[PDB]
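J.: I have a structure here, written as structure tokens, and I will follow up with some questions on it.
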Amino acid sequence: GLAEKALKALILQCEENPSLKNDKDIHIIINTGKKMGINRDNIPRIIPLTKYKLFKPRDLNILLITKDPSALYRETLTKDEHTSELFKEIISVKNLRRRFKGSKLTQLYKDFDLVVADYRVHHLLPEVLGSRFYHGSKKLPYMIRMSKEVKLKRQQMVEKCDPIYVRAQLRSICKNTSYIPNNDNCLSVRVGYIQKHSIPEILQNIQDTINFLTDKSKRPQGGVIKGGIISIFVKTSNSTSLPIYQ
RNA sequence: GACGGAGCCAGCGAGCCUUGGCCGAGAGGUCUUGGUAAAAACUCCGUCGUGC
RNA sequence: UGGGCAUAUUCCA
């Protein structure tokens, strides 16, 4: 087949070249026939994968930020045994600006691999979080909810942290992967990870990626592009653009 | 002596290198990626107690 | 009439 022959020599290409030996993420690059249309949401959006896990909250570090009072919410998730392990560190921004300003910032994505923040206080992350975090892997913080619905028409309503819900979408972001909308021709999605899958699991990851990505129901967040794709290339971090479809 | 919170006062001022796609003869643009580089003090509240 | 948070207002003097 077209794909799996190009994947075998890619996996052999991993274990022979030391520039490729140190980068374990696998991306795909999508040439679309025209440009996509919209840009600079700076928000990832998640695809529902239908077969197999990528990661789980046991295995990695999870980091949370909120608005004042953070002391009200930093106790609830650790006084429940379901969610006490599901995070590593929990603060607000107002500690975060004075804890790690500037030169310590290089050890941020060294010491972490997933960042999440409250939906209210997301719109100022790259200011205090720093420019150098962008955009080397294009890892970016995620947006979740702290409770159920709070409406805001004419009354000023308080909310309480519901831990089982945080557990519910927090388990939901680990099994899947996401993507970044932009206004260009090319589009990259990490879909593969070495020593954790087989080849046809990756084949179903790619065929599922075409399933959700070319959803013709014109749904918000579901099937954005139109007009059909040109080609799909595969590279890890420094390997060449090896095609599957042309 | 640590650790972690919460409290809170001022004055001098504006008064950097990479991987790859798409278009373009080209000049170049347009992006996706990896690494390296850049108030304090104090007040109180709770946990632990000496190694060159 | 003057300040605060949210970004047919609301609270305070």
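Scheme for the structure tokens: letters A, B, ... for chains in order shown; per-chain residue numbers from 1; ligand numbers from 1 in order shown.
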Residues of chain A no more than 7 Å from chain B, counting only C-alpha atoms (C1' of nucleotides): send them over as an MDAnalysis selection string.

T.: chainID A and resid 102:103 136:137 184:188 237:238 240:241

J.: Write out as a PyMOL selection string all residues of stretch 54-227 of chain A that backbone DSSP assigns to strand (DSSP E or B).

T.: chain A and resi 63-66+89-92+115-118+142-144+177-179+188-193+219+222

J.: Using C-alpha atoms, can you export the residues from the last selection as a PDB file, in the first residue's frame?

T.:
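Final output, saved to again25.pdb:
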```pdb
ATOM      1  CA  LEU A  63      -1.570  22.385  35.197  1.00  0.00           C
ATOM      2  CA  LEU A  64      -4.477  24.718  36.026  1.00  0.00           C
ATOM      3  CA  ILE A  65      -4.947  28.504  36.303  1.00  0.00           C
ATOM      4  CA  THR A  66      -8.053  30.492  37.298  1.00  0.00           C
ATOM      5  CA  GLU A  89      -0.241  22.519  40.206  1.00  0.00           C
ATOM      6  CA  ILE A  90      -3.168  24.929  40.554  1.00  0.00           C
ATOM      7  CA  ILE A  91      -2.922  28.747  40.776  1.00  0.00           C
ATOM      8  CA  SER A  92      -4.391  31.982  39.479  1.00  0.00           C
ATOM      9  CA  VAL A 115      -1.633  23.491  30.543  1.00  0.00           C
ATOM     10  CA  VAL A 116      -5.303  24.322  31.080  1.00  0.00           C
ATOM     11  CA  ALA A 117      -7.026  27.505  32.244  1.00  0.00           C
ATOM     12  CA  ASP A 118     -10.493  28.789  33.121  1.00  0.00           C
ATOM     13  CA  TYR A 142      -6.563  24.390  26.777  1.00  0.00           C
ATOM     14  CA  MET A 143      -9.933  25.789  27.821  1.00  0.00           C
ATOM     15  CA  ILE A 144     -12.288  23.858  30.085  1.00  0.00           C
ATOM     16  CA  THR A 177      -5.886  14.835  19.749  1.00  0.00           C
ATOM     17  CA  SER A 178      -6.724  18.299  18.432  1.00  0.00           C
ATOM     18  CA  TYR A 179      -5.817  20.838  15.748  1.00  0.00           C
ATOM     19  CA  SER A 188      -0.478  19.925  10.514  1.00  0.00           C
ATOM     20  CA  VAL A 189      -1.960  17.510  13.062  1.00  0.00           C
ATOM     21  CA  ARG A 190      -0.014  15.266  15.414  1.00  0.00           C
ATOM     22  CA  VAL A 191      -1.555  11.815  14.994  1.00  0.00           C
ATOM     23  CA  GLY A 192       1.204   9.354  15.790  1.00  0.00           C
ATOM     24  CA  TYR A 193       3.636   8.530  18.557  1.00  0.00           C
ATOM     25  CA  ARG A 219     -20.688  22.191  11.474  1.00  0.00           C
ATOM     26  CA  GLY A 222     -16.716  19.946  12.570  1.00  0.00           C
TER      27      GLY A 222
END
```

J.: Within 12 Å of chain A, which residues belong to chain C? Use only C-alpha atoms (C1' of nucleotides) and report them as a PDB file with C-alpha atoms (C1' of nucleotides), in the first residue's frame.

T.:
```pdb
ATOM      1  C1'   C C   5     -16.196  45.355  38.745  1.00  0.00           C
ATOM      2  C1'   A C   6     -18.794  42.836  33.793  1.00  0.00           C
ATOM      3  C1'   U C   7     -17.312  44.750  29.097  1.00  0.00           C
ATOM      4  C1'   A C   8     -33.271  48.450  28.679  1.00  0.00           C
ATOM      5  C1'   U C   9     -26.303  48.033  33.450  1.00  0.00           C
ATOM      6  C1'   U C  10     -25.398  47.311  38.710  1.00  0.00           C
ATOM      7  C1'   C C  11     -23.100  49.018  43.653  1.00  0.00           C
TER       8        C C  11
END
```

J.: Could you pull out the residues in stretch 1-245 of chain A that DSSP calls helix (DSSP H, G or I) from the backbone, as an NGL selection string?

T.: :A and (2-14 or 70-73 or 93-99 or 103-111 or 125-129 or 163-175 or 199-213)

J.: Just the number, please: distance in Å from atom CA of residue A:57 to atom CA of residue A:111, one decimal.

T.: 15.9 Å
